[PDB]
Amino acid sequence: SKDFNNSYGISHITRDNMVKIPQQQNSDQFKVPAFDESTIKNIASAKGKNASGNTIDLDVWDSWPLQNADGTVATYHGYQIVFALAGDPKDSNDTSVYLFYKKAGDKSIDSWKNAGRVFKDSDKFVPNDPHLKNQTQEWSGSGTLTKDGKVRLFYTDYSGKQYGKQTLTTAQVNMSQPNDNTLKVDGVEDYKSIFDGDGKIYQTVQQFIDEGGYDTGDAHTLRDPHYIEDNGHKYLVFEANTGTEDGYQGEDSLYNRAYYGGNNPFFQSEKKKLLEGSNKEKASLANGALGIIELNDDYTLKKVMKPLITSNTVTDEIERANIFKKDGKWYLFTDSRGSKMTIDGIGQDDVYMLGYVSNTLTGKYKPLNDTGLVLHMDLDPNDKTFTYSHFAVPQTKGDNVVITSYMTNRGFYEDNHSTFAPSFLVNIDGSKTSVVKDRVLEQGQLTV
């Protein structure tokens, strides 16, 4: 019949694993710790210029640490460095990368200084690039300290003028130290696009357009590039959507057993309900994927590779791709909004970090804690301590990783700007994770 089973030689976030999450999630093993409201502060140095040209307090969102090749937090001439998306809510659709820095031993949020924006608004027009001139926003990515001791950034070039086109982009950030307690961004070089989708393995913005995306409610993604090295090879892992040959979006996807898991009765009943309901469109269009490309030594595209994992029928958005090696195993994480999911029992208030483990980088990823659930955040978006963009930072030693995130901090009474959330620990052991109880760290802490 119309029923089939195609894995496309890749792993999947299955409906069966997802349906089990609501009954599993109400547990301190998985719940993002409650944060103390009275202790929360804005990032003090987080000040810049609005569109009007006046200096204001910035909102600070997605942030990522400068990492060593294996994912550990780098030290750059005595400083830890964090790249953060920031902006003025009166520009709203304006997002730029900022460089924050702190002496390695310092702990407090007040110790974080701001070297300012990585890019000047003129920087994107300088190189001979196919895409950069059309950029409207700087979206998330990663930072790596090279062998050569260079600061190498990866970020997302977003073009709202080109229908929301998203390009994986790289640049070397040139740094200097004016004095012993200051870092300065000198400017950028090696500033070039890397990848914007191929069409067969990863969806292009043109396919999104052609299929009438803005009408259908489709969501096109090609963002959050995360740098990783393995066996001498260099890779980016990133948020994307499937292409025409690795399980394309559409109604046929609802007949593909690979996306359901469980038994035949489960598949038959779940499919029936999907094809019937108001979720039929949402599910059909849902084709999120965690993609992977290999880079050359100059950080240009070497090879477009098949996705590590997809979330067909489940969601169109698995964000903040993250991956590292621990204990000889490969751990893959992604954040997800319940509002973007099609799963019964998962609501608009639900926000997750999901997690998967494989013995090899491109091998089969199996769900952590049987379902994939690692973190659950369900605080209302109006709560002061709402957190988002949860990210696992691997540590030099020990079984714990540091979870960083931002805190929207939208209080009636100050402080009241998006800031670093207090960090915390998650214990990793085999295919099983747990929030380390009562070990809340400082806002924006990277290492323990």
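Residue numbers here begin at 1 and follow the sequence given.
Legend: mean Cα B-factor per stretch from the PDB entry, 219-227 versus 309-317; the higher mean is in 219-227. With 134-142 and 252-260 compared on mean CA B-factor from the PDB entry, the stretch scoring higher is 134-142. The residue among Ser284, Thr204, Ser122, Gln268 whose C-alpha carries the highest B-factor in the deposited model is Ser122.
Per the deposited coordinates, the residue with the largest Cα temperature factor out of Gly291, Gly372, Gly164, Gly243 is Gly164. Ranked by C-alpha B-factor against the other modelled residues of its chain, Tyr406 falls in the lowest third.
The deposited CA B-factor of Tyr76 belongs to the highest third of values across its chain. Placement of the Cα temperature factor of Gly9 within the chain: lowest third of the modelled residues, per the deposited record. Placement of the Cα temperature factor of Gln29 within the chain: middle third of the modelled residues, per the deposited record. For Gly197, the recorded CA B-factor ranks within the middle third of the chain. Only modelled residues enter the ranking.
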